[PDB]
Amino acid sequence: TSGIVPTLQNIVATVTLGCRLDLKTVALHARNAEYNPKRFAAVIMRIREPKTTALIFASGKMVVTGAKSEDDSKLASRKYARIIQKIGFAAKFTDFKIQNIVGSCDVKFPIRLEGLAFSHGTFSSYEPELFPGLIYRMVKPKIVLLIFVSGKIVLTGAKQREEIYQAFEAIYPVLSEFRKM
Amino acid sequence: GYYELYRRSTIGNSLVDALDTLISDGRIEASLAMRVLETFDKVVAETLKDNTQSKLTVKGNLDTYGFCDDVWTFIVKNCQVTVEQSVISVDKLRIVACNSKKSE
Amino acid sequence: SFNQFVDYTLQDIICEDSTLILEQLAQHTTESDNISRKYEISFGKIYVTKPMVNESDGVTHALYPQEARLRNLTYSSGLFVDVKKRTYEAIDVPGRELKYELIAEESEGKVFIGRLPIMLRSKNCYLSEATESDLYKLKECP
Amino acid sequence: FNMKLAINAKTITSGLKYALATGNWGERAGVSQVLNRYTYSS
Amino acid sequence: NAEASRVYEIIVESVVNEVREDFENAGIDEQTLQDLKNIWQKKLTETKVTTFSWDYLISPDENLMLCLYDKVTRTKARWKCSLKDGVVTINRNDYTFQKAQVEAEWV
Amino acid sequence: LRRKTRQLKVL
Amino acid sequence: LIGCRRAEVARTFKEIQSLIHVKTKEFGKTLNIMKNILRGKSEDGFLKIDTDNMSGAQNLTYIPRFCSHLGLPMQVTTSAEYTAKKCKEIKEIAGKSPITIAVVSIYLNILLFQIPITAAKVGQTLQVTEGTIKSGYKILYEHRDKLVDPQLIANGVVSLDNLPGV
């Protein structure tokens, strides 16, 4: 087994508000709303106490990033929807699906990355000139993993806890055999 | 044309408070008022960057920030600024800025 | 003949077709793009190295004719020329004669142009300055 | 514009190498022959 | 501040030197100018700022500042704000700057 | 339609 | 790049970028896709043992080329190859790019052999920042005993006191 559970750092979720939105008015009236229509086709609104960032699109869609837990993302999306109610749009909270759940952990031992790349070559792609980390792509579950020489592991691409977790204790036995001194 | 901010400044609101009396007295027309405000904005756009030599830097904590219609709005509070040194403590400060690209 | 060709004829061949001028027409639909660009690439002095070989892994070392005979290599030396890039521009006013000026992009700068095979015991070869004991050291017959 | 791709050194290198390895003086045969090494006088 | 004094002086002189031809095109009398001078001087003196010689929604005697931004780049919490060609009216005192770098951290 | 670029024989 | 890696003759990304004006992000994407489909073709067709040919680091193969570019003698090159081989054991620089590892090992052996080449000249030749080379030499100064070839200091051609301190 593994003595450490990974902790999450960012959860990306989508919401459909179910109505067309005028980004000009919501940029003029909401507090932290930044609309540069020729830098991005959405207005960027972020709020303090859940520390999330919303990307309000004109078609009523939504992307909420920066949340630490799924309940925190749900609460943040609720608060953004409540902002759109308080501004005067009929934006009903319809659906809420979390797409990307990235989590980090530290295995507390250095890893021999070239040996891991040579052994599991069908899953690993090591190019230390471009990026100083190893891209491990588990086939089951489909969680892309960033392995580093300091033992820091970045687990990326989950839809819930019950893929990233068993991704971590599926990668722990094949990381224990690659230890430096 | 150029950007339109400076009526919110002291000279600008003082100028419109001066000109509304002559509007009431009929001494200035509406088109004349619009073009005198436009030329005042052009004048304060041109002379504010050439024959002045002071500097100001602002450090603090921003509460509300916004960017719509190519203007940047800030509300920074508990902020202290430096002139050219002499330091000034501001409980709440508002920043309105416009892009360097020429309008129209 | 080879010493004459290396010492003098190579520079004469370089200087015969040294300047390569490309003129880019304005092709201006509007008068805002009424500029014509004249790009010039000019070859200058030519340089020759001592005989040498570059291997697979990119290491370049001095090649001696004994090794070149054994390893089936070519006893050649590199040729390097000086290239100065000239960029000329002028305002494309129709009827008026164009007067080009530099935009100060006069970058110059030896560039490798190929390997000239070196005839043995010529002035470029290592065996010209070699003594009898040096020839014996290089496993060359005096 | 890449300066290295402009000058193809393989042109000059392969031209000299081909015209010296094979006697065809172009792109006249028998110009370059394998040196005789049966005797010194040969 | 004598600097803000002379900046406002050249503001009012440039305005009264540009508007006179517009007043001649409009056809109003010269007396529509020195009255503007005197009311301008008295309102700037009565402002008492500078001396002279003559739940998340956006909704004078306020510390605000009007300017022009050159570039505003942003990191996780910090805010680079490169500001130029603006006026300041904090604490009922007027200031002028050439450049103004503004750093504020976002909570 | 006109040729954008051409070779100039230096003289 | 795949062909260079296959023949044990691998160049780096900066070399091929010096030839081909290729954008690095999509270059890496293209290389990853080509590696995936090449492994798929190897599994479908004839199978090939990699035996460290598609290796990401390959830092032993960059030492002779860079030493040739700097005009170094052979024994500096073999000492640099031995140093870069033993740099894998050091965990403080195990995450560095193989280019920088090779450059700092080469510069360490340049200082070891009193080769009169400054770090600025090495940085100008190989475009590793002089700050990066200096930091790598500083962080390799603590591990002087393991990196330097023992038989070289045994035969007295080099000595460990020649390296300037930090």
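### Focus: the interface of chain F and chain C
It is common to give the size of an interface as the accessible area lost on bringing the parts into contact.
Then comes step 1: Contacts between the two partners involve nine residues from chain F, matched on the other side by 11 residues from chain C.
Then comes step 2: Counting each side, the surface lost to burial between chain F and chain C is near 970 Å², with a carbon and sulfur contribution of 56%.
Then comes step 3: When the buried surface of chain F facing chain C is broken down by residue, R2, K4 and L8 of chain F rank first, second and third, together holding 53% of it.
Then comes step 4: Seen at the junction of chain F and chain C, the total is zero salt bridges.
Then comes step 5: In this assembly, chain F and chain C are joined by three residue pairs in polar contact.
Then comes step 6: Of the residues in the side of chain F that touches chain C, the class split is three nonpolar, two polar and four charged.
Then comes step 7: In this sheet, strand β1 (residues 5-8) of chain F lies alongside strand β1 (residues 19-24) of chain C in antiparallel orientation, the contact comprising four bridges. Note on β1 of chain F: the bridge partner recorded for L22 of chain C is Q7 of chain F.

### Regarding the side chain of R86 of chain C
Residue and element names in this part refer to chain C.
Then comes step 1: Summarising the element assignment, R86 is placed in strand β5 (residues 76-91).
Then comes step 2: At 2.6 Å, the side chain of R86 and the side chain of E106 are in polar contact.
Then comes step 3: Setting aside chain neighbours within four positions, we find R86 in contact with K38, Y39, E40, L102 and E106.

### A word on empty space enclosed by the protein
Then comes step 1: Quantified by volume, the largest cavity comes out at close to 100 Å³.
Then comes step 2: Along its surface, the largest cavity is lined by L15, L19, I28, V36 and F40 of chain B together with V15, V16, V19, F23, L33 and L36 of chain E.
Then comes step 3: If you list the elements that add at least two residues to the lining of the largest cavity, you get α1 (10-24) and α2 (30-46) of chain B together with α1 (2-26) and α2 (31-47) of chain E.
Then comes step 4: A total of four residues in the lining of the largest cavity trace back to one element, the largest contributor, which is α1 of chain E.
Then comes step 5: Within this model, the second largest cavity holds a volume of roughly 50 Å³.

### Comments concerning the nonpolar core
Then comes step 1: Within the largest apolar cluster, 39 residues are counted, with the highest numbers of intra-cluster contacts made by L72, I106, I110 and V122 of chain G.
Then comes step 2: Once you skip the residues sitting within four places of it in the chain, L72 of chain G turns out to touch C67, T77, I106, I110, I115 and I117 of chain G.
Then comes step 3: Core analysis: the next-biggest nonpolar cluster, separate from the first, contains 34 residues, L5 and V44 of chain B together with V19 and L66 of chain E among them.

### Here's the deal with the interface of chain E and chain B
Then comes step 1: Each partner contributes to the interface: chain E provides 57 residues, whereas chain B provides 59 residues.
Then comes step 2: Of the roughly 5,300 Å² buried between chain E and chain B on both sides combined, carbon and sulfur atoms contribute 65%.
Then comes step 3: Ranking the residues of chain E by area buried against chain B places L66, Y69 and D85 of chain E at the top, with a combined share of 13%.
Then comes step 4: The tally of links from chain E across to chain B stands at one salt bridge.
Then comes step 5: The salt bridge partner of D35 of chain E is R27 of chain B, with a shortest N-O separation of 3.9 Å.
Then comes step 6: Across the chain E-chain B interface, the total number found is 24 residue pairs in polar contact.
Then comes step 7: Elements that contribute at least two residues to the side of chain E that touches chain B include exactly α1, α2, β1 (64-71), β2 (80-88) and β3 (95-106) of chain E.

### Details of the packing of helix α5 (residues 74-86) of chain G against helix α6 (residues 98-112) of chain G
Residues and elements named next belong to chain G.
Then comes step 1: Two elements in contact, α5 and α6, have axes separated by 8 Å at closest approach and are oriented at 130 degrees. Relative to α6, the element α5 lies oblique. The interaxial crossing formed by α5 with α6 has right-handed handedness. Across from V76, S79, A80, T83 and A84 in α5, the residues of α6 making contact are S105, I106, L108, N109 and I110.

### Some words on the pairing of strand β9 (residues 144-147) of chain A
All names here are of chain A.
Then comes step 1: Judged by which residues are buried, β9 turns out to be one-sided: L145 and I147 face inward and are buried, whereas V144 and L146, on the alternate face, are not.
Then comes step 2: Two elements, strand β8 (residues 134-137) and β9, share four bridges in a ladder whose sense is antiparallel. Opposite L134, over in β9, you have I147 as the bridge partner.
Then comes step 3: Between β8 and the antiparallel strand that follows it, β9, lie six residues.
Then comes step 4: Where β9 and strand β10 (residues 152-158) come together, four bridges link them in antiparallel fashion. Paired with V144 across the bridge in β10 is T156.
Then comes step 5: Between the end of β9 and the start of β10, which pair antiparallel, lie four residues, with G151 showing a positive phi angle near 85 degrees.

### A closer look at unusual backbone geometry
Then comes step 1: Omega for the bond connecting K140 of chain A with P141 of chain A falls within 30 degrees of zero, at 0 degrees, which places this linkage in the cis form.
Then comes step 2: Among the structural elements, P141 of chain A can be located in the loop between β8 and β9.
Then comes step 3: Even without a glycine there, the phi angle at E84 of chain B is positive, about 55 degrees.
Then comes step 4: Mapped onto the secondary structure, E84 of chain B falls in the loop between β2 (71-83) and β3 (86-98).
Then comes step 5: For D85 of chain E, which is not a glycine, the phi torsion comes out positive at approximately 60 degrees.
Then comes step 6: As for its placement among the helices and strands, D85 of chain E is situated in strand β2.
Then comes step 7: Among the residues examined, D85 of chain E registers a relative accessible area of 8% and is labelled buried.

### Let's talk about the pattern of salt bridges
Residues and elements named next belong to chain G.
Then comes step 1: Within this structure, the stated rule accounts for 22 salt bridges over all chains.
Then comes step 2: A salt bridge links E15 to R65; its shortest N-O distance comes to 3.2 Å. Taken together, the residues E15 in helix α2 (residues 13-19) and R65 in helix α4 (residues 63-70) connect sequence positions 50 residues apart.
Then comes step 3: Its relative accessible area of 2% is what places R65 among the buried residues.

### Focus: α1 of chain B
Then comes step 1: Relative to the 21 Å expected for 15 residues at 1.5 Å per residue, α1 of chain B spans 21 Å between its end C-alpha atoms, a close match to the ideal helical length.
Then comes step 2: Regarding α1 of chain B, the residues found buried are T10, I11, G12, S14, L15, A18, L19 and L22 of chain B.
Then comes step 3: Where the residues of α1 of chain B are buried, they touch α2 of chain B together with α1 and α2 of chain E.
Then comes step 4: Following α1 of chain B by one or two positions, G26 of chain B adopts a phi angle in the positive range, close to 70 degrees.

### Considering the packing of α4 of chain G against α5 of chain G
Residues and elements named next belong to chain G.
Then comes step 1: At a closest axis distance of 10 Å, the pairing of α4 and α5 adopts a crossing angle of 140 degrees. Between α4 and α5, the angle falls in the class oblique. The hand of the α4/α5 crossing is right-handed. Each of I63, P64 and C67 in α4 lies in contact with α5, whose residues at this interface are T77, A80, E81 and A84.
Then comes step 2: Grouping the amino acids of the contact of α4 with α5 by side-chain chemistry returns five nonpolar, one polar and one charged.

What counts and how
- Residues numbered from 1 in each chain as written, not as in the entry; some residues may be left out.
- Chains lettered and ligands numbered in written order.
- Part of a larger assembly, values for the part shown.
- Heavy atoms only, no water.
- Contact = heavy atoms within 4.5 Å.
- Buried area = accessible area lost by both parts, 1.4 Å probe.
- Salt bridge = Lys/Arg side-chain N within 4 Å of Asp/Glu carboxyl O.
- Polar contact = N/O pair within 3.5 Å; in protein donor to acceptor, adjacent residues only side chain to side chain.
- Nonpolar A, V, L, I, M, F, W, Y, C, P; charged D, E, K, R; others polar.
- Pairing = 2+ DSSP bridges.
- Helix = DSSP H or I, 4+ residues; strand = E, 2+ residues; numbered from the N terminus.
- 1 Å grid on protein atoms, 1.4 Å probe; cavity = no way out; pocket = protein on both sides within 12 Å on 5 of 7 lines; lining within 4 Å.
- Points joined across faces, edges and corners; volume = space filled by probe spheres on them.
- Core = buried A, V, L, I, M, F, W, Y, C linked by side-chain atoms within 4.5 Å.
- Buried < 20%, exposed > 50% of the residue type's maximum accessible area, 1.4 Å probe, protein only.
- Axes fitted to C-alpha atoms, helices over the stretch in contact; angles between N-to-C directions.
- Parallel < 35°, antiparallel > 145°, perpendicular 65-115°, else oblique.
- Left-handed = near helix turned anticlockwise from the far one by under 90°.
- Expected span 1.5 Å × (residues − 1).

Any functional reading would require information beyond the geometric quantities listed.
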